[PDB]
There are 2 protein chains.
Amino acid sequence: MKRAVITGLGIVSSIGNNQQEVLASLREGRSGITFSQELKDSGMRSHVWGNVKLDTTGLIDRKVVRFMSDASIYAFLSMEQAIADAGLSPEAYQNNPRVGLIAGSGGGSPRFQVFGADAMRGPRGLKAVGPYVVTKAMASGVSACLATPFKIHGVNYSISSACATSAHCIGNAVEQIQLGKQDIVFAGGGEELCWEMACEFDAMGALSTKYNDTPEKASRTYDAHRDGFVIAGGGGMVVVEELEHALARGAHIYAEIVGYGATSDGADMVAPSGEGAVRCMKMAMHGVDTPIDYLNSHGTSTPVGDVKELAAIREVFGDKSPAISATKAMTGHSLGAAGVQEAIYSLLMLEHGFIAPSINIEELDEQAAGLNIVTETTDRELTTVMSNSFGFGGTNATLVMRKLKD
Amino acid sequence: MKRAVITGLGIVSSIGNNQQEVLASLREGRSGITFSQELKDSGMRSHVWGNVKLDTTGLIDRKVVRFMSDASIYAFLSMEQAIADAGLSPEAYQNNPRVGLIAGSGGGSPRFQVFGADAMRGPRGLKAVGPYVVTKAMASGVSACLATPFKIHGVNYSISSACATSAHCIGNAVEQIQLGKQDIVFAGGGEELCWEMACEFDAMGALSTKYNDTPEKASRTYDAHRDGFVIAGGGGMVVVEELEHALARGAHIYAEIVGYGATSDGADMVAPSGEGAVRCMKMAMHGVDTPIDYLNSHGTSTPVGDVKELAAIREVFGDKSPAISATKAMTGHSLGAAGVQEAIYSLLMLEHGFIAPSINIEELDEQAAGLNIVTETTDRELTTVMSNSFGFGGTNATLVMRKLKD
Ligand SMILES: [N+]
Ligand SMILES: [N+]
C-alpha cells in the first residue's frame, strides 16, 4: 500500500568518497581503475582494480571500528553520509522500532577469514586470532557492525546475492515500507578489496588480464576487445522512507522506487540465461505508466554477459530502447556494493539531469547494434531510470526509480 | 492478507538425517555432540561439536556439487527432502516464476575462503585455486547453489544474520506470500562445520571448553555450570506456501506461520540486550490470541545469553510463562542453520504432540526459578508454538506457528 522514496544517499567508491566527488567523476567520464601492486605480488593475472582512494584512519570510533572489516567500514561511512544528507538526527532514527537496516556484502571478509586461519595456525593460536574476527568475517558483518553503533531497533540483517546483493537489500527495504512494518530503512552494502578474494575470481577467468599496462582501459564494457571485469571495493547506502513520513518532515526526495524486480534463472551457475533478466526487468516496469529514459545496465565488461543483457533489453523494449551506459567502465565491479552504488549513480543522473558516458568503447560490439548506448556525457531531463544487477547463481534484481510529481 | 503455511520439511543435523531420525532423537533426549580431533588438532580449547553423521559423497550430481561448499550440500539435501515431503513434482515447482528460494548461511564457507588463499600462495598459484572457489566461498552460496539445480525462477537470494539467519529466511518467505509475490518459497539454510570458523568463536570465548572429556554433557542450557555453546553444522529447509495454493493441491499442512518478529538491539555487538528480544517476541504475537503452548528457546548454553532470554520471556508472558526447552542442549548450535532446524523441531513437536526435554540440567540456574523448563519428554496436545533465534550483532527473529483446524 505505502509508497517508498529515497530521502538520502551516501557512497564511498573508486570514483569518489561522496556524492559530490562521484558526481564529478561521472560527468567527466573519469576512471577509478589503477594498478595494484598487491594483486600482482599475490600471483594474479589481473593487476588492476577500483580501489577506494581514502585514508579511513580515525574516521570511526576505536571501540566501533575494532569489530569491522573493510566492507563494514565503507558501508558505515556511507551510512553517515546518508544520515546527514537525509537531514536526520539521533532523536529521530535512533532507538526507534520503526527504523531499520538491511545491508550486506557479496563475500563478507575473506581477508579476516584468512587472517584468522593464518593466526590460528601460528604459535600464538587463539591469542593471535583475537576476539574480533567473528564480526569481521561473518556474512552479516555489514549489517551487524552498523545496526549496533547507529542504535537501530527495527529490522536488521544482510541479504547476499553476489552482484545483486545491495540491490535486493534496497528492494527488501521497499517491501518493509509497503508492508507498513517500517517508516525508514537504511539500505545498501559494502565490499572489501583484497587479493584473498580477487584471486578466486581470477582463477575463475572472470577478471581482465590483457590491460595491466593501461589500468584505466581494462574495464571496457561493450567493447569488442573486452576480456573480463575489473574487481572493485567500496560501499553505498540510501535512506528508503515511507512517503507520508518523508513529506511530513519536509524531507528532500530524490525519487520514488516505483519498481522492484527479483527473479532467478535456474539455469547456469555462472553465466546469465537472459530469460531471467527479461522477467526481472518486466516485473520492475509492471504498473509504471512512464517510459524508461535511462538504463544503468549490469554490463560488467564480459564477453557473454554484456551481450546477454543487451539481448534481454531488446526483448523487453524492442523499439523503445532507452539510453544505456555501463558505469562499471569507470568504477569497476564492486560486487556486493555495485547494486546500491549504481542505484546512486542513477539517482545522481536523475537529480542532475544528465547521462554518464559508457567509456572505453574503442570498437562497439556487433551484437550491441540497434541500441542507444551513450558514450558521451549528455545533458537531458530524465524522469524514470532503471538499474540492473545480475549476479552469479542466476539471481536477478531490477530497480526502477522515478521523480516524484511535485 | 495472504496466509502462509508450511507444507514440507527437510533436515540434515547432528541428531538425524531426516525427520524420522530427528523425531526419535528429540523424544529420547539423544545428544548429537561428539569429540572432535579436528578441533583439538587445530589448537582450540573447545574439542566438541555437533557434526553431521553422514558421508555426502555421490549424493549430489558431480556437475552440481562441484560448485558447492558443505553449507550448500546440507541445505541441498534438506531441500530434496522438503520437496518430496511436500509432494511437489518437478513440473509443479520448476521453471515457475511464482516459486522462489530464500536461504543462507551464517559464515558462507571459511574453509574454501582459506583454501583459495592457501592455494594461491603455493607453488601452483591460480591453477591450484580452481574455478569453483567463488560459488563455495561467497555469502550467497547456499541460495546460488540450490536455485540453479532446482530450476527456481522466482525470488533467489540469501539472508544472513548469524544465529538468526535461517529464521529471517523463513520470515522473508512469509512476506513474499503476504505480498502476493510468490505461491511457494523454499526457506532455510546450511552451515559447514570446520576449525577455520570454529576457532574464531573459541578465540572469542563463546565455546564450551570444560567438558571435552564428556562431549554429550558440554551443551547444558540453563545449567548453573554452563560455559559456552557447542558449535555444529548441518542444514534445514521448509516449504512456505500460500494457504489457498496448498489447499487446492491437497497438500499436508504442518502449521500456519501466524507470527514473525524481526528486531534489532542496537546496543552490544556480541551480547544480547534483552530489550530487543522482548520487542521481537511481542511483534510475533501481534494478533495471535491463542496461548503459546511451547517455546523453543535460542538458549545456546552461555552464562549471560541463557538468562537474558529467560528475562525477556518473563516480561513478555509474565505469569503466563509457557513450557520451555532448549534443544541446543542435544544438538549444539548450527548457527545459520539453527533457525530452520529448530523451527522443524518445533513443527515435529506440534505434529506429534510432545515436548522435547531440555537436557543436561544438573543444577538449574537460580534465575530460571519459577519457569516451566521441561527436562523430560512430555506428551501433550500442542497448538501454538514459538521459536526464538537471536544472533550476534543484535539481530532478533521469532516465529510463531499454529496448527490449522481439522
Ligand atoms: N546497474
Ligand atoms: N529456537
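Every number in this text was worked out from the coordinates using simple rules, so none of it is lab data. Here the Cβ is made from the backbone with ideal geometry for all residues, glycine too, and neighbour counts use every protein chain on show.
Over the protein assembly as shown, the alpha carbon radius of gyration divided by the compact-protein estimate 2.2 N^0.38 Å works out to 0.88.
Mean-square fluctuations from a GNM of chain B, with a 10 angstrom spring cutoff on Cα atoms, peak among B:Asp85, B:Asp183, B:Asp118 at B:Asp118. Between amide H atoms placed 1.01 Å from N, distances below 5 Å from B:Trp49 occur with B:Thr34, B:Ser36, all of them 5 or more places distant or on a separate chain.
What the phi angles of the stretch B:225-238 give under the Karplus curve with 6.51, -1.76 and 1.60, with θ = phi - 60°, is a coupling list of 9, 5, 8, x, 8, 10, 5, 8, x, x, x, x, 7, 10 Hz, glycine and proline written as x.
Report the antiparallel proportion of the DSSP beta bridges in chain A as a percent, rounded to a multiple of 5. Can you show the working numbers first?
Working: 39 of 58 bridges.
Expressed as a percentage, antiparallel bridges in chain A total about 65.
Sorted from shortest to longest, the distances between the A:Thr209 label points of this copy and the other copies are 4.4 nm, with each point 7 Å from Cα along the line through the beta carbon. Label point of A:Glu381 (7 Å along Cα→beta-carbon): distances to the other copies' equivalent points are 7.0 nm, sorted ascending.
Using the Cβ-Cβ distance between B:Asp379 and B:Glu91 with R0 = 35 Å, the FRET efficiency computed as 1/(1 + (r/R0)^6) comes to roughly 0.30. Reducing the stretch B:310-367 and the stretch B:18-64 to their Cα centroids gives an inter-centroid distance of 20 Å. Beta-bridge orientation, the protein assembly as shown: approximately 70 percent antiparallel, per DSSP, counting only bridges with both partners inside.
In chain B, Cα pairs under 8 Å separated by at least six residues give a relative contact order of 24 percent.
Once the Cα gyration tensor of chain A is found, what semi-axes does its equivalent ellipsoid get, as square roots of 5 times the eigenvalues, in whole Å, sorted largest first? Largest first, chain A gives 30, 28, 18 Å. Computed about the Cα centre, the dipole magnitude for chain B is approximately 1160 debye when only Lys and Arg (+1) and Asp and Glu (-1) carry charge, each at its Cβ. Distances between placed amide hydrogens fall under 5 Å for A:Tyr157 paired with A:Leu101, A:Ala103, all partners being 5 or more residues away or on another chain. Where is the GNM fluctuation largest for chain A (alpha-carbon springs, 10 angstrom cutoff): A:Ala84, A:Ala139, A:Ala164? Among A:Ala84, A:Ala139, A:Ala164, the largest mean-square fluctuation in the Gaussian network model of chain A belongs to A:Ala84.
Here the Debye sum runs over all C-alpha atoms of the stretch B:1-45 as equal scatterers in vacuum, and log10 of I(q)/I(0) at q = 0.17, 0.32 Å⁻¹ comes out as -0.67, -1.07. Under a 5 Å amide H cut-off, with hydrogens placed 1.01 Å from N, A:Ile373 pairs with A:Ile324 among residues at least 5 apart or on other chains.
On a per residue basis, the convex hull of the C-alpha atoms belonging to the stretch A:260-406 measures out at 103 Å³.
Considered as an equivalent ellipsoid built on the Cα gyration tensor, the stretch B:317-375 has semi-axes of 21, 15, 11 Å, the largest given first. Between copies, the label points at B:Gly318 (set 7 angstrom from Cα along Cα-to-Cβ) are spaced 6.4 nm, reported in nanometres from shortest to longest. Over 25 Å apart at the Cα level, from the set A:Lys2/B:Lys2; A:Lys2/A:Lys405; A:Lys181/A:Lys328, are A:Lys181/A:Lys328. Largest first, the three principal axis extents of the alpha carbons in the stretch B:339-406 are 42, 33, 20 Å in whole numbers.
Computed from phi, the 3J(HN,Hα) profile of the stretch A:112-126 under the Karplus parametrisation 6.51, -1.76, 1.60 (θ = phi - 60°) reads 6, 5, 5, 4, x, 4, 4, 5, 4, 6, x, x, 7, x, 3 Hz, with x in place of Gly and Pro. When each of B:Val185, A:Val270 is scored by the number of other beta-carbon atoms lying within 10 Å, the sequence from fewest to most is A:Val270, B:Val185. In the stretch B:260-406, the DSSP beta bridges split such that about 70 percent are antiparallel, to the nearest 5. Working note: Karplus 6.51/-1.76/1.60 with θ = phi - 60° gives the stretch B:192-201 the couplings 6, 10, 7, 5, 3, 8, 4, 4, 4, 5 Hz, where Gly and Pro are set to x.
The Cα-based radius of gyration and maximum Cα-Cα distance (Dmax) for the stretch B:2-81 are 15.6, 52 Å.
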